[PDB]
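Coming up, as structure tokens: structure 1 and structure 2, two forms of one and the same protein chain.
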Structure 1
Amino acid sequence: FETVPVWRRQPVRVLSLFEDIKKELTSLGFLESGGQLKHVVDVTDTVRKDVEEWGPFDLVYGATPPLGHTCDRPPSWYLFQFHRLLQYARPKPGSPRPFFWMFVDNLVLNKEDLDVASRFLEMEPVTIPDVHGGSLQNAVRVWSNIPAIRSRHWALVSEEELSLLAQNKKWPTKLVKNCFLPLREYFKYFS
């Protein structure tokens, strides 16, 4: 998707699954105050027509509950449902257009759940840590095709240090908000 000139950039149309990143996207100038966001939490009864009738989406965001919140679901439910609804929203091959998707895990997915998430999203996850004082306080794993997200990786963080964090323990939206910034070359900035 080669970039868009500043004149013809339109407001982004986003589908936030499970968790709501409306407020985070406002503070980056992706949405204007007052609605281009559809946020659903229980997608159990969502069919392709519902995703189609809700206006064409440019960004499909999904994330599992925070690490502390004792979960409604099995962790794989948020991955499988995201994958299904993501297919419903992506443009038909006849009309290519800017389309992005992001799935984020806050160390809720089990070790076995990780391999199937990477096979269904066809990408190895990105480790976005929260480290202060030389010790790792929090982290998230995200899968997405947003242009600049893989170099955000921290190879210093390892799986043991991640699961050790998971056993010791709100959604740290602060770790994922900066990853949307490569998208302002495609959609309108609201000042």
Structure 2
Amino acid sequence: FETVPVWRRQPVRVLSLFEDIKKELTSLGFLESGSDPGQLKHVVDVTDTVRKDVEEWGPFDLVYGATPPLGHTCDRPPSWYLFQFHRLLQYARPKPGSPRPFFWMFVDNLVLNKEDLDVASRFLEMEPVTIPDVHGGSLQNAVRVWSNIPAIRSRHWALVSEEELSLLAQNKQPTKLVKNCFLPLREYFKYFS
């Protein structure tokens, strides 16, 4: 994905699933404030969404997937969110000739197990990156991110101890975590502020 000059960066057309990030994208300056009504589409139950639904919803510049945050709100099996995300992601890919940059990202709030994680990486064709989001005096937030956003896989995040992160999930029993991984998208689209 070559860089796009500032004067050709259109606003993002984001498809958000399982979780709404309209507040995050508006904060970082990717989403207009005046109602498009929507430059960002959000769906929560995708069991009955078909390809022609996603196609009808207009081309999407980014497809966001996210597991539910830690808690008992896990209504469905964990893997359901990934298989469904992968299913709709293929619907959203434009024609092979890529007219513009197409980005996707799927975030897990430390919910998938390793058995689930390997299926995730196999289907997303990428090993996940962990966000420490832990200050010296605070280690609260931590999530896993599969994404083709170049910056999200390029630089070095803070390495973590897998046993420690598993221990943080058992002890549990947002911007720095994911929004810090959202900033690199500004380079490719319009910045509103």
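Just so we're on the same page, rigid core means the largest C-alpha set that superposes within 1.5 Å between forms. One-based numbering along structure 1's sequence throughout.
- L136 is among the residues whose C-alpha shifts by 2 Å or more between structures 1 and 2 once the rigid core is aligned.
- A displacement of less than 2 angstroms separates the C-alpha positions of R48 between structures 1 and 2, with the rigid core held in common.
- The two forms, fitted on the rigid core, differ between structures 1 and 2 by 2 Å or more at the CA of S151.
- CA movement of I21 between structures 1 and 2 equals 0.5 Å, with the two forms superposed on the rigid core.
- In the core-superposed comparison between structures 1 and 2, the CA atom of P96 travels 3.9 Å.
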